[PDB]
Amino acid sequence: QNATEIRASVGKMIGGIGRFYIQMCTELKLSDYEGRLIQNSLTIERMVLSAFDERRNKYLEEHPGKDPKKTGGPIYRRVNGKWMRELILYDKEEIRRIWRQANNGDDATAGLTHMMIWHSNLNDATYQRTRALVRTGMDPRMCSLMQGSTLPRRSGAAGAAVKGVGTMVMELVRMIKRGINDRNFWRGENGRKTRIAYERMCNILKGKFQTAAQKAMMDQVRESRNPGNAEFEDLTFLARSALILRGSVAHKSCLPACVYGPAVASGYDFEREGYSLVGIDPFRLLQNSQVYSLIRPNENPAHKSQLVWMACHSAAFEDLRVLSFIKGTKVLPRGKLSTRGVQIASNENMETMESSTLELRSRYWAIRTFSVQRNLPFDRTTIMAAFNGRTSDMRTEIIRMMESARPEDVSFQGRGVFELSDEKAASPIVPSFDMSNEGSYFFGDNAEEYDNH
């Protein structure tokens, strides 16, 4: 009976985001089109994360905003066939009241982390993190292990699950660099809290490893009373190892509020029907949805649609050849998309801006991981980065595992793909892949580096 109870409590969370978005569209007097504008969804999603964040950086990152009791951003309206941008300012107390009213009195912080994860996934598909890796002394080819790297600093347990091996390594390495340059970083009251933060991140990263030797190496890193070069080296060693010996990184398909809003509006009872982020529910919901996006004059709308599709399905870090078989169209690496980002900057010219319908559908659905061996080669930059390296018996054990798994390539995991009509997953399809296609989203990447406006 517990399986249906998880579905009901997740559905209850979804339904509250839906009712909240409907009430917000209503307050703002947004049309059906404006309500389904993904830029409007972002502003409303951020408004409620900002109303509960209270400048702690738990659900959001904002530039310091003007009046602490007020929050807002850009709402876009179609006046006389043209898109206009307006800066709204809503009372944080009032936003919190609408959020709680939408969730039948409950605080529903799971609804907030759900929207925060959606933002993180959209950032993982939009902006590059290569210069950030270089600044921490890390190999920029660790770009494929950067799940949830734009998450806000105080994102708790809900953020930890979706973070990658490289994200945890980058975070822990930044602390070790501060301790190396300044011993006072591990002293006093600040040092006591940083030590507990360090031990927490170590156990979160350790939990992500799936071998005995990698977890045992994380114990050595964690027990180190004064972290220095030897801890940085082990962490980067384990990050290189995570390119072949894949870790346990939770990938959550979190949709925008302008997807949950219309489904709730049409009477879908998410609490009663149940909802699961794993499987058909997000794919089925995107088939029954209609979302729009503001687009720039030189952007391809099929490319803007792919970026949003990848963000919806938390697919930025998946093998492109796998995503192409599931979507039914060829999914291109970020360096081949002629699009620059969903969010409209304050300095952009709205007079040239147009709108387009986002293609968020998929040929097949699939589930998060007598069979036929269906292999996919490791990408060229993955093998060079993973085999870039002082000595230990756990290091030789990890090297032995990395060298024996390497010729085996990446086998597709799970029992095939499913037609959208097959809701019970009883008729799997053979997944074919054109092994000549790149396979990594970040190959030849030219996307803007992540920055807070």
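Sequential numbering from 1, following the sequence displayed.
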| field | Where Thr369 meets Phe370 in the shown sequence, the number of deposited residues left unmodelled | value | 10 or more
| task | Between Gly389 and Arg390, count the deposited residues left without coordinates and pick a bin: none, 1 to 3, 4 to 9, 10 or more. | result | 4 to 9
| query | Taking only the CA atoms, which stretch has the higher mean B-factor in the record, 255-263 or 217-225? | reply | 217-225
| Looking only at CA atoms, which has the higher mean B factor in the entry: 87-95 or 288-296? | 87-95
| query | Which of these, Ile38, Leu49, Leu420, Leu28, has its C-alpha atom at the highest B-factor, as the entry lists it? | reply | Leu420
| Residue with highest C-alpha B-factor in the PDB entry, from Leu122, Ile176, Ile244, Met353 | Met353
| query | Against its chain's modelled residues, does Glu45's Cα B factor rank lowest, middle or highest third? | reply | lowest
| query | Going by the entry, which third of its chain does the Cα temperature factor of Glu359 land in? | reply | middle
| Relative C-alpha B-factor of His303, binned into the chain's lowest, middle or highest third | lowest
| task | Divide the modelled residues of the chain into thirds by Cα B-factor and specify which third, lowest, middle or highest, holds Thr382. | result | middle
| task | Sorting the chain's modelled residues by C-alpha B-factor, tell me whether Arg100 ends up in the lowest, middle or highest third. | result | lowest
